[PDB]
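Notes follow the structure.
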Amino acid sequence: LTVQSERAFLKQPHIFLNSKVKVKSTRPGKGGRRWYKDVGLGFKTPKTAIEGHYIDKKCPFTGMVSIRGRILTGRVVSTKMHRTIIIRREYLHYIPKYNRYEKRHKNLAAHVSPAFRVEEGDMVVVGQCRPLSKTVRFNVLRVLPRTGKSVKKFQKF
Amino acid sequence: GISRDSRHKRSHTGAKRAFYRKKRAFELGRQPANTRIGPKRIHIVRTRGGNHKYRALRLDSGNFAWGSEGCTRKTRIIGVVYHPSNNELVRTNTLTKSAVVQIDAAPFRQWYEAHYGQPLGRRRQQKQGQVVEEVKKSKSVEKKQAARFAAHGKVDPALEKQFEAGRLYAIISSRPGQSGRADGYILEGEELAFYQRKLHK
Amino acid sequence: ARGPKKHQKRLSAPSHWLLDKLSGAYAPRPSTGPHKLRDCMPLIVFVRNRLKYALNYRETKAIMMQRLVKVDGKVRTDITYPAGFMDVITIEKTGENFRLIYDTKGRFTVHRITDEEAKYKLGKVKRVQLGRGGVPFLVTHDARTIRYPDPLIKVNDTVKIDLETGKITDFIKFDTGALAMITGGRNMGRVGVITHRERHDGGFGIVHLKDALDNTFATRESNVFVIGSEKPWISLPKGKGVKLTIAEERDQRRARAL
Amino acid sequence: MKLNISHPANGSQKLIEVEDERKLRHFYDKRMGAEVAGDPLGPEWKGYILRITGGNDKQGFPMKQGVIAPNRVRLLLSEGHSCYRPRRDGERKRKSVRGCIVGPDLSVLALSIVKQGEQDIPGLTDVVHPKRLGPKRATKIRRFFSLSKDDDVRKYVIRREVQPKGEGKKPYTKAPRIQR
RNA sequence: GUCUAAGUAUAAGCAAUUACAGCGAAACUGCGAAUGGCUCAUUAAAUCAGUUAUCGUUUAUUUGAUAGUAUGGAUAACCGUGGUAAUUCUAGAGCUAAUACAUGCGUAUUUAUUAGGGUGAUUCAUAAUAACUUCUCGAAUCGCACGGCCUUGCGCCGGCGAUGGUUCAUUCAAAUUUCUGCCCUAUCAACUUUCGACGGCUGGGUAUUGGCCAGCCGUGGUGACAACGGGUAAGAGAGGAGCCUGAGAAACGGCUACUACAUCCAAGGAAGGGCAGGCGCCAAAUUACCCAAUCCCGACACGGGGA
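As given, the protein sequences belong to chains v, q, m and o, one line each in that order.
Going by the authors' numbering, the first sequence opens with residue 5, and the numbers climb by one from there.
Going by the authors' numbering, the second sequence opens with residue 2, and the numbers climb by one from there.
Going by the authors' numbering, the third sequence opens with residue 2, and the numbers climb by one from there.
Going by the authors' numbering, the fourth sequence opens with residue 1, and the numbers climb by one from there.
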């Protein structure tokens with residue numbers, strides 16, 4: 005009645021478990037599960053992704069969306085969306101006319117898991133997943149919570 | 002004749018992009034099967050790799066799952082109750098996935114009375130006919146089905162009110178226009194108060 | 002483009018075949034079979050160019066159609082289907098065979114070889130995974146599926162099959178500190194000896210190699226091919242596959258010239 | 001009109017010139033499958049009844065079945081139909097085919113002999129024509145020549161022969177085959 | 001277009017010494033042609049180039065692994081009657097067979113439940129259960145040898161291939177997909193939100209991922225680190241509109257209407273939709289010979305090739 009609702013009414017893992025807990029295998033055993041998964045790739049599962057009773061299917065610890073190879077980092081432009089961050093990855097471009105570098109800033113967008121604890125201005129590890137929309141091809145994995153500022157703040161990272 | 006691709010759009014910056022090619026036959030989107038209840042009307046639409054796709058336009062029946070026992074009985078469909086997408090699809094009673102359909106509790110209830118030995122879905126007049134309810138107990142069948150009669154013959158009482166209605170709240174998890182059938186499982190408990198609460202809404 | 006063609010271009014014809022720049026437009030394209038484009042070597046290129054045992058395709062089809070030539074005991078009356086890798090090719094009269102190996106430069110060479118040394122085959126494991134019946138079977142790198150192996154025999158082992166049923170009579174273990182052919186990278190087709198393996202979570206964990214004369218190169222596990230422990234199964238290629246310099250090896254060739 | 005009156009049992013059929021549009025009045029307006037006798041055609045015919053099947057218009061158009069409103073409707077034809085050989089496979093060409101109801105426009109009818117009459121006709125029933133190709137598989141030979149199952153067909157031969165002239169040596173003896 | 005001894009041959013066709021059987025046009029059956037190469041308004045990181053990846057998708061074909069299970073109706077060719085001016089126009093009556101369309105006293109699909117070697121990790125692979133589909137498969141085929149046991153049983157067992165077949169590979173592919181690089185410019189600092197502009201839930205179809213699309217709301221997405229506009233100095237096909245085949249095509253030198261012309265006619269009806277050559281906007285480069293090489297495709301040593 006709190007997180008099951010969310011204005012559009014189905015919040016289930018792909019393995020239904022909830023109503024048939026009364027079946028006499030898992031309950032005299034212990035198979036009463038929120039869907040438990042590791043992402044792998046040198047990470048650790050956060051505790052709200054261990055037992056946190058929110059349900060989303062684009063979650064990398066609850067759903068089936070996975071990560072492969074390529075790993076990314078970056079700082080969030082606008083945290084405030086419906087669970088999607090936007091990354092401004094800057095880099096130093098080598099202008100051959102000037103024989104120099106310059107700033108060139110880019111914008112990603114990553115689907116957010118309700119597991120971790122969010123900041124705006126933090127340095128966020130994201131990962132390549134299957135394209136779950138146009139711009140959201142990534143997923144939020146691990147936060148380095150830093151006090152970096154807004155648009156004025158710069159670092160190639 | 003109907004398109005699917007990602008290029009007939011506007012950009013993430015917003016400017017519409019000049020299309021650089023014409024439509025090629027791998028970017029097709031086909032017509033949805035607004036599946037209705039009745040006779041068996043079938044398109045078989047042969048798709049990529051020689052793999053013919055079961056297109057169910059009109060259907061009658063299909064087996065459902067009794068989730069708290071793993072029992073599967075073939076069941077005739079009655080009607081759509083709720084869909085979180087479209088009250089036009091409820092308003093035409095169009096079948097789809099995530100559609101809760103009230104169903105026939107006759108094959109389920111006759112596995113219940115063919116197996117357990119307990120009444121549900123009956124009036125307090127308690128009428129009864131021929132004997133298969135008792136047909137012959139043994140000492141082994143007496144201890145067996147009486148030992149199963151002792152505790153686990155048990156129901157959510159709102160589901161019991163839908164045995165008295167004889168028409169339960171199942172959910173469709175298959176899609177008809179790509180599998181040729183409209184099947185699902187039975188909704189129990191917190192989801193029963195959830196979607197019966199959507200009948201309340 | 003937009004579906005398969007069977008026409009091969011001539012300026013883009015790759016290194017292993019030694020095709021002429023002359024004689025019209027098109028080159029002998031190989032069609033489908035066991036291997037990819039790169040390590041392929043058709044009988045067209047084999048018996049006409051590498052052996053000079055042919056004049057034209059009246060003669061080559063007139064050899065192939067009369068059931069004298071065998072590939073793993075199969076008749077193989079086809080021109081576009083490939084010959085495999087580390088190959089065993091038959092001239093059964095007078096008892097001789099043709100193993101295809103690398104040279105010391107990294108391209109394929111013919112060898113007349115005996116019936117036993119030809120009759121076993123060195124074929125790499127591509128995969129050991131679970132199929133029907135609940136058994137982990139072995140997908141070879143080259144042709145076949147070795148069903149019911151020893152259950153601890155895993156990937157990257159290079160197997161002495163006896164070629165007759167596709168059954169493991171021996172395996173060479175994927176190891177650090179072992180001798181391996183390399184087929185890819187900047188230094189493809191070289192006999193060497195691996196000094197280390199690195200893990201590389203993120204794609205294609207590698208090996209460091211340091212040869213007989215202290216030259217180091219680190220190449221990936223998809224192109225490494227552990228060819229022998231010591232145990233000289235196959236014929237030795239020329240110069241032990243060390244691939245020294247052109248000047249010093251040139252002076253060694255002038256020193257060993259008769 | 002001129003009639004292709006067809007006889008299945010003797011393999012024999014004819015065309016017949018039809019004078020007396022009065023003899024065509026009973027043949028008018030009748031849809032296909034209906035049965036009109038030969039006694040209203042001829043005084044020399046009595047007892048035959050005949051089934052109407054087909055024929056062709058003036059200027060060569062054929063006849064479809066079930067196509068009431070009798071004019072030449074340019075009917076769309078698909079695979080596996082009458083009055084149609086496919087230009088290519090799968091091809092559905094709109095041709096022009098006459099309706100069922102017989103008006104006076106028809107050139108040659110095609111009729112089916114149903115009931116035999118009393119008058120002999122030489123070229124229709126009296127002359128004889130057995131079929132050319134005979135029973136080819138084994139169980140078809142069983143069903144015609146009554147060989148209940150322990151009989152070994154091989155001695156039952158439905159042969160054809162060809163003798164030439166100019167040679168000169170022998171007759172030519174040919175048996176079809178026995179499958180199964 | 002296409003015939004292997006290995007599909008179906010009773011050609012009243014050759015050519016020999018009664019199941020057919022050698023040669024073998026006809027016809028059925030299969031494969032076939034996403035291309036040889038054309039014409040002209042263009043395509044300004046959307047292509048493409050590296051570079052990732054499908055744990056988001058299909059693959060005729062290749063080769064390998066492969067499956068303890070619950071004596072049958074036609075028709076074409078053929079024989080005849082033929083219709084009209086007739087053009088792949090075709091009719092009726094009768095034949096007659098296939099590896100051709102079709103029958104036959106565990107597995108394939110979908111739904112849920114449960115158990116569960118690899119990988120960095122999946123609900124992965126894999127197994128069982130309950131059913132389900134208007135049920136796909138587990139051969140009523142062809143040729144080539146002619147044999148072990150000797151119940152000489154019109155026996156039982158017997159190999160060598162050709163074709164055909166559920167499932168996983170493998171190649172050939174096709175499809176998206178990621179970090180960066182477009183040529184110039186501020187007489188370009190505002191642009192996208194129409195009826196998606198970005199999320200996210202539910203579906204739907206797509207071979208699958210995706211606002212690709214519909215409810216349903218939230219508030220967006222980008223840009224003076226140079227968005228967006230402008231400047232071209234680089235894919236589109238008698239014509240719109242729909243449709244069918246296949247592994248792969250919105251196939252057009254394939255159907256169905258409508259639109260613009262135009263050919264045969266017995267004036268009712270029908271068939272119709274190319275580049276090259278010469279003259280041109282007083283004349284000047286062959287209307288050449290071949291698939292012999294190299295290479296490509298088909299029942300396939302023959303048959304076909306504007307490279």
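Backbone N, C-alpha and C define an ideal beta-carbon position, used for all residues, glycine too.
For residue 72 (chain q), DSSP records a beta bridge to q:67. Not a single C-beta of chain v is nearer than 8 Å to the C-beta of residue 141 (chain q). Interface residue (Cβ-Cβ distance to chain v less than 8 Å): residue 203 (chain m) is classified as such. The distance from the Cβ of residue 150 (chain q) to that of residue 119 (chain q) is about 6 Å, consistent with a contact at the 8 Å cut-off. Think of a sphere of 9 Å around the beta carbon of residue 189 (chain q): the chain v residues whose beta carbon falls inside it are 22, 23, 24 and 26, in chain order. The C-beta of residue 14 (chain v) comes closer than 8 Å to at least one C-beta of chain q. Counted as a single uninterrupted DSSP element, the alpha helix (DSSP H) harbouring residue 64 (chain m) occupies residues 58-65. With a contact defined as Cβ atoms closer than 8 Å, residue 127 (chain v) and residue 79 (chain v) qualify at about 5 Å.
DSSP assignment within the segment 135-175 of chain o yields the following whole beta strand (DSSP E) runs of 3 residues or more, N-terminal first: 160-162 and 172-174. Taking the Cα positions, residue 86 (chain m) is about 39 Å away from residue 53 (chain q). Using a CB distance cut-off of 8 Å, residue 73 (chain v) counts as an interface residue toward chain m. Secondary structure of residue 42 (chain q) (DSSP, three-state): strand. Contacts with chain m (Cβ-Cβ distance below 8 Å) from the segment 44-59 of chain v involve 45 and 46, listed in chain order. Within the segment 120-142 of chain v, 138 and 139 place their CB atoms closer than 8 Å to a CB of chain q, listed in sequence order.
Linking residue 121 (chain q) to residue 29 (chain q) through their CA atoms gives a straight-line distance of about 50 Å.
By the CB criterion at 8 Å, residue 55 (chain o) and residue 73 (chain o) fall outside the cutoff. Cβ contact annotation for residue 27 (chain o) (same chain, cutoff 7 Å, sequence separation greater than five): 36 and 102, in chain order.
Residue range 49-57 is occupied by the beta strand (DSSP E) that includes residue 49 (chain o). Nearest to residue 12 (chain o) by C-alpha distance, out of o:124, o:169, o:39 and o:104, is o:124. In the DSSP annotation of this structure, the continuous segment of the alpha helix (DSSP H) that includes residue 247 (chain m) starts and ends at 247-257. In the three-state DSSP reduction, residue 116 (chain q) falls in the helix class (H, G or I). Within the segment 5-16 of chain q, those residues whose Cβ lies closer than 9 Å to any Cβ of chain v are, in chain order, 7, 10 and 13. Residues are counted here when their Cβ sits less than 7 Å from a Cβ of chain v; for the segment 143-166 of chain q the count is zero. The Cβ of residue 69 (chain q) sits closer than 8 Å to at least one Cβ of chain v. Taking residue 130 (chain v) as reference, the option from v:119, v:112 and v:153 with the minimal CA-CA separation is v:112. For residue 23 (chain v) and residue 84 (chain v), the gap between their C-alpha atoms comes out near 35 Å.
Pairing residue 171 (chain q) with residue 87 (chain q), the inter-Cα distance amounts to about 18 Å. Taking a 10 Å sphere around the C-beta of residue 194 (chain m), we find fewer than 16 other C-beta atoms and assign the residue as exposed. Contact check for residue 39 (chain q) and residue 59 (chain q): beta-carbon distance about 5 Å, within the 8 Å limit, so the pair qualifies.
Looking at the backbone, the Cα of residue 202 (chain m) and that of residue 46 (chain v) are separated by about 9 Å.
Remark: C-beta atoms of residue 3 (chain q) and residue 97 (chain q) do not approach each other more closely than 8 Å.
Setting aside the 5 residues that flank it on each side, residue 102 (chain m) is surrounded in the same chain by 87, 109, 110, 112, 235, 236 and 238, each with a C-beta closer than 8 Å to its C-beta; the list follows chain order. For residue 96 (chain v), DSSP records a beta bridge to v:107. A direct Cα-to-Cα measurement between residue 89 (chain v) and residue 123 (chain v) gives close to 10 Å.
The shortest CA-to-CA distance from residue 224 (chain m) to any of m:240, m:189 and m:200 is the one to m:189.
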